[PDB]
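Please read the structure below before turning to the comments.
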Amino acid sequence: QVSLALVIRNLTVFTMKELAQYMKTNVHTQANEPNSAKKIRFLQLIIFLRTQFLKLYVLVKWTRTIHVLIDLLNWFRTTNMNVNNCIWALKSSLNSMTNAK
Amino acid sequence: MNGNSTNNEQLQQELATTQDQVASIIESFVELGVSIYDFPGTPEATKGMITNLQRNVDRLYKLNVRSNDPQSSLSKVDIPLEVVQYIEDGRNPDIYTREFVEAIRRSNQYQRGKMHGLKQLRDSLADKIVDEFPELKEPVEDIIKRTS
Amino acid sequence: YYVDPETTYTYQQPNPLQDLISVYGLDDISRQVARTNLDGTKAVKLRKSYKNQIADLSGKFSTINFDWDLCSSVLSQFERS
């Protein structure tokens, strides 16, 4: 099982680590690089983090709509491959027992 | 019945609050990007940029803190990996559900048809075993009682 | 030989013959995202991915230990230069 709180925790830790790494890289980057490139890179990183947080927002909205269809869906899938496994087991049993025929 | 309704209302309110906070965070990030793109370099603009960064950091920290509260309902519900693979493709997420529910319904129809077929199979077999072998008629009905 | 009156097999629960959707009152979401309405007409246009759930938000989605104060000051100094 995975909790939405654990997704929030890991995503926020990853965002903090990425921001810290970007800040450190900007710190030890030589000043000869133009500030425009650094600003563009920071904007791109902010856009990526915003996209990740918007994916999380979609997971929040999904969980707000949500489990009923997912429970029925999983139960029907379990029945389906249980039937398939029963068929395969029957075929294997006949293949094995044909020798004893 | 009332407890389930109360727990659903709490979970809906907590997720609406979470949605509003994340939407505010996204709007603040959009404003931050707009300010960065159109930054004039004035000290007032720099102070506004610092304030916006601090507000974004505080909002992100608040989103994490409440979500780890043991009294929050936000922990109550996994995510499908097939959905995580499909969702990037620039669209409105309905064909994965349509086609997979169609497969589910096909499997259910196959199950029902095979159940009906097996039922008629064993009914006919019991009838004929009774017919040509009356002496075994009594266990056969018990067999039905053993199956049905 | 194997006829054991003490060995009784119960019905599998839930019974697949019955309407398994309505066993636990699970028809609301199924009706919400059903393929077709009660009249058979298409309800909503169908697609694959999360993009249209973010269209209401502003933007153009064409393609789809730590000292915060020190970093903010560094960014301010870099921008003011």
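Residues in the structure tokens are numbered from 1 in each chain, the chains being A, B, ... in the order shown, and ligands are numbered from 1 in the order shown.
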> Taking only C-alpha atoms into account, what are the residues of chain A at most 7 Å from chain C, put as JSON, numbers by chain?
Replying inline: {"A": [23, 68, 69]}
For the selection you just gave me, I'd like the residues written to a file as a compact mmCIF listing (two decimals), in the first residue's frame, keeping N, CA, C and O atoms.
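As a result, part16.txt now contains:
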```txt
# COMPACT_ATOMS: atom_id res chain seq x y z
N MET A 23 20.43 25.75 -6.09
CA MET A 23 21.03 26.89 -5.40
C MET A 23 22.53 26.70 -5.23
O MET A 23 23.31 27.64 -5.45
N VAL A 68 -14.67 3.18 -5.48
CA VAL A 68 -15.81 2.33 -5.80
C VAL A 68 -15.60 1.67 -7.16
O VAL A 68 -15.59 0.43 -7.28
N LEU A 69 -15.42 2.48 -8.20
CA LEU A 69 -15.09 1.94 -9.51
C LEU A 69 -13.78 1.17 -9.47
O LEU A 69 -13.65 0.13 -10.11
```
> as number ranges by chain, which residues of chain C does DSSP assign to alpha helix (DSSP H)?
Replying inline: C: 20-23, 28-32, 68-80
>> Which residues are close to stretch 41-46 of chain C, i.e. within 9 Å by only C-alpha atoms, leaving aside same-chain residues fewer than 3 positions away? Reply as a ChimeraX atom specification.
In response: /B:91-95,98 /C:33-38
Listing only residues of chain A within 10 Å of chain B, what is the closest atom pair and its distance in Å (to one decimal) for each, using only C-alpha atoms, sorted by chain and residue number ascending, as JSON lines?
```
{"residue": "A:1", "atom": "CA", "partner": "B:78", "partner_atom": "CA", "distance": 5.9}
{"residue": "A:2", "atom": "CA", "partner": "B:78", "partner_atom": "CA", "distance": 5.0}
{"residue": "A:3", "atom": "CA", "partner": "B:75", "partner_atom": "CA", "distance": 5.3}
{"residue": "A:4", "atom": "CA", "partner": "B:75", "partner_atom": "CA", "distance": 5.5}
{"residue": "A:5", "atom": "CA", "partner": "B:67", "partner_atom": "CA", "distance": 5.4}
{"residue": "A:6", "atom": "CA", "partner": "B:68", "partner_atom": "CA", "distance": 8.2}
{"residue": "A:7", "atom": "CA", "partner": "B:78", "partner_atom": "CA", "distance": 9.8}
{"residue": "A:8", "atom": "CA", "partner": "B:64", "partner_atom": "CA", "distance": 6.4}
{"residue": "A:9", "atom": "CA", "partner": "B:64", "partner_atom": "CA", "distance": 6.3}
{"residue": "A:10", "atom": "CA", "partner": "B:64", "partner_atom": "CA", "distance": 9.7}
{"residue": "A:11", "atom": "CA", "partner": "B:64", "partner_atom": "CA", "distance": 9.5}
{"residue": "A:12", "atom": "CA", "partner": "B:64", "partner_atom": "CA", "distance": 7.1}
{"residue": "A:13", "atom": "CA", "partner": "B:64", "partner_atom": "CA", "distance": 9.5}
{"residue": "A:15", "atom": "CA", "partner": "B:60", "partner_atom": "CA", "distance": 9.8}
{"residue": "A:16", "atom": "CA", "partner": "B:57", "partner_atom": "CA", "distance": 9.6}
{"residue": "A:36", "atom": "CA", "partner": "B:37", "partner_atom": "CA", "distance": 9.5}
{"residue": "A:39", "atom": "CA", "partner": "B:36", "partner_atom": "CA", "distance": 7.1}
{"residue": "A:40", "atom": "CA", "partner": "B:37", "partner_atom": "CA", "distance": 8.0}
{"residue": "A:42", "atom": "CA", "partner": "B:36", "partner_atom": "CA", "distance": 8.8}
{"residue": "A:43", "atom": "CA", "partner": "B:33", "partner_atom": "CA", "distance": 5.9}
{"residue": "A:44", "atom": "CA", "partner": "B:33", "partner_atom": "CA", "distance": 8.9}
{"residue": "A:46", "atom": "CA", "partner": "B:29", "partner_atom": "CA", "distance": 7.2}
{"residue": "A:47", "atom": "CA", "partner": "B:33", "partner_atom": "CA", "distance": 7.7}
{"residue": "A:49", "atom": "CA", "partner": "B:29", "partner_atom": "CA", "distance": 9.0}
{"residue": "A:50", "atom": "CA", "partner": "B:26", "partner_atom": "CA", "distance": 6.2}
{"residue": "A:51", "atom": "CA", "partner": "B:26", "partner_atom": "CA", "distance": 8.6}
{"residue": "A:53", "atom": "CA", "partner": "B:22", "partner_atom": "CA", "distance": 7.4}
{"residue": "A:54", "atom": "CA", "partner": "B:26", "partner_atom": "CA", "distance": 7.1}
{"residue": "A:55", "atom": "CA", "partner": "B:87", "partner_atom": "CA", "distance": 9.4}
{"residue": "A:56", "atom": "CA", "partner": "B:22", "partner_atom": "CA", "distance": 8.5}
{"residue": "A:57", "atom": "CA", "partner": "B:22", "partner_atom": "CA", "distance": 6.2}
{"residue": "A:58", "atom": "CA", "partner": "B:19", "partner_atom": "CA", "distance": 8.8}
{"residue": "A:59", "atom": "CA", "partner": "B:79", "partner_atom": "CA", "distance": 8.5}
{"residue": "A:60", "atom": "CA", "partner": "B:19", "partner_atom": "CA", "distance": 6.4}
{"residue": "A:61", "atom": "CA", "partner": "B:19", "partner_atom": "CA", "distance": 6.8}
{"residue": "A:62", "atom": "CA", "partner": "B:15", "partner_atom": "CA", "distance": 9.8}
{"residue": "A:63", "atom": "CA", "partner": "B:77", "partner_atom": "CA", "distance": 7.2}
{"residue": "A:64", "atom": "CA", "partner": "B:15", "partner_atom": "CA", "distance": 5.8}
{"residue": "A:65", "atom": "CA", "partner": "B:12", "partner_atom": "CA", "distance": 8.7}
{"residue": "A:66", "atom": "CA", "partner": "B:77", "partner_atom": "CA", "distance": 8.2}
{"residue": "A:67", "atom": "CA", "partner": "B:77", "partner_atom": "CA", "distance": 7.7}
{"residue": "A:69", "atom": "CA", "partner": "B:101", "partner_atom": "CA", "distance": 9.6}
{"residue": "A:70", "atom": "CA", "partner": "B:80", "partner_atom": "CA", "distance": 9.4}
{"residue": "A:72", "atom": "CA", "partner": "B:104", "partner_atom": "CA", "distance": 9.6}
{"residue": "A:73", "atom": "CA", "partner": "B:104", "partner_atom": "CA", "distance": 7.3}
{"residue": "A:74", "atom": "CA", "partner": "B:104", "partner_atom": "CA", "distance": 9.6}
{"residue": "A:75", "atom": "CA", "partner": "B:104", "partner_atom": "CA", "distance": 9.9}
{"residue": "A:76", "atom": "CA", "partner": "B:104", "partner_atom": "CA", "distance": 6.5}
{"residue": "A:77", "atom": "CA", "partner": "B:104", "partner_atom": "CA", "distance": 7.0}
{"residue": "A:79", "atom": "CA", "partner": "B:107", "partner_atom": "CA", "distance": 8.7}
{"residue": "A:80", "atom": "CA", "partner": "B:107", "partner_atom": "CA", "distance": 6.3}
{"residue": "A:81", "atom": "CA", "partner": "B:107", "partner_atom": "CA", "distance": 9.6}
{"residue": "A:83", "atom": "CA", "partner": "B:111", "partner_atom": "CA", "distance": 8.5}
```
> For chain C, which residue among B:17, B:56, B:71, B:147 is the nearest when counting only C-alpha atoms?
Replying inline: B:147
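Counting from atom CA of residue A:22, the distance to atom CA of residue A:34 is 16.1 Å.
If you measure from each of B:125, B:130, B:81, B:53 to residue C:76 using only C-alpha atoms, the closest one turns out to be B:53.
Of the listed residues C:62, C:19, C:49, C:69, the one whose atoms come nearest to chain B is C:49, with distances taken using only C-alpha atoms.
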